[PDB]
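Beneath this line is the structure, given in structure tokens, with notes to follow.
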Amino acid sequence: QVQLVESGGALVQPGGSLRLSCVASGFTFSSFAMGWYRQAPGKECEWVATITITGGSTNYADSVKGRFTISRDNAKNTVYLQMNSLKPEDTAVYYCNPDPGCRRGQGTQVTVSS
Amino acid sequence: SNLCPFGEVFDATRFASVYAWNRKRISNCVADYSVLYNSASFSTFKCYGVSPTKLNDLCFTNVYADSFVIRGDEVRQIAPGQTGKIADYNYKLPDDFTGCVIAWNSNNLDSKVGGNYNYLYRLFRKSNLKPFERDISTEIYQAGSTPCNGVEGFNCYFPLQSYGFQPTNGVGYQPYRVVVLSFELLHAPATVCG
Amino acid sequence: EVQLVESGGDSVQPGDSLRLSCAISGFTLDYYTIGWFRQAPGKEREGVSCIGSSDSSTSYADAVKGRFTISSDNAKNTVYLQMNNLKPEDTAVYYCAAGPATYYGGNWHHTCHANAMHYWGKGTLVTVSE
């Protein structure tokens, strides 16, 4: 069917940067718009960033506005999330999805701790 | 410039419950589809059977826009060859679907505190829907051997169910507004159009 | 943010009586349906009894009519289920579930099925033997 494989997440110290990625398969990527979401322990899944089919426009959540950037490479069926100036509050499992929700793919864990 | 009334579909005050999804025909207007697929305000934007960057260069006979409201999870199901309560009892796209599925988070509109109960979905049905079929029946669902005789009971359910949207839920439980563009290509040689 | 805890399940003998409790903790839903459902080992999770926030009307499966009774203390935010004349076939895991009510043509509908519940408890064993 459909496969969404995220990666890139590790433990960084506050202030740090991280470039997360995921590769999609099972559908024509060049033709879908992709979103990023995150799920924190003891909390609910929330929306992080959205990128158009062409990558021309981008929308972000108020909690990450200015610190995060979403990008897309159709030649590799990959979407990227660059994360700058990481807060401890950004510690969560990060998921990518053309539809809403978390837990669709396995996600990747991001821990901002000092 | 005789531009298409896309705002009427997308920016309507109220949308239809998915079981009774609303449908608008677009015609007699020049449409620039890019003003839709270049907007990052749509969290999900899916195209099947067609290439989005070639929509302004194609020839259509019909153009439908189906609008309704579901929850984040169920947007998975607005797609060809999907299964589940929405794809089976409410709104199904055929496998040969050629069009696009646009959906965006409508938490701040459709979810009130204590629950918004005006949005219903069909939760019981004796069989799956055919593609692009809508059912607005209110007949009682017989789940047991005892007949119903149109009286609701423990084995005889009301077939619809409210969402009861609340803004505190996670995004998977939050209300999403959805518009499905359905296309009807002109049969022509490729020297004419496609 | 919304939790349902079951209490009272144990192992009894035919004819005995038990009381199950459910502790409400976080309901914001103005109009809802609370219920007790039961799961037998291997079989499907089916409904036992329900009470709807509107009317506070009670509904019971055929197999338990007159033997069981559902009740609520909204003051204490707890929901009780009294089980009299317990039978061996009542042996199951008992879950406390709850969901929104349905609103159509002005009326309120409180269907008592697992597919209409959004919040679930963990459950508690009831066993009837000897």
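We count from 1, first residue shown onward.
How was it done? The header gives X-ray crystallography, 3.1 Å.
For all residues, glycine too, the Cβ spot is worked out from N, Cα and C.
When the candidates B:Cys47, B:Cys148, B:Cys156 are compared with Swiss-Prot, only one is recorded as disulfide-bonded to B:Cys100, and it is B:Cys47. Contact with chain A, taken as any Cβ pair under 8 Å, is found for the disulfide-bonded residues B:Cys47 out of B:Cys47, B:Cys59, B:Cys100, B:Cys156, B:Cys193. Per DSSP, the region 'Immunodominant HLA epitope recognized by the CD8+' (B:116-124) is made up of 0 helix, 4 strand, 5 coil. Sorted by the number of other CB atoms within 10 A, the disulfide-bonded residues B:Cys100, B:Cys148 start with B:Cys148, the lowest. Rounded to the nearest whole angstrom, the C-alpha distance between B:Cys4 (disulfide bond) and B:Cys148 (disulfide bond) is 48. The helix, strand and coil residue counts that DSSP assigns across the region 'Receptor-binding motif' (B:105-176) are 7 helix, 15 strand, 50 coil.
When secondary structure is read from DSSP and collapsed to three states, B:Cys47 (disulfide bond) falls in the strand class. B:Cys59 (disulfide bond) and B:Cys156 (disulfide bond) have their C-alpha atoms 49 Å apart, to the nearest angstrom.
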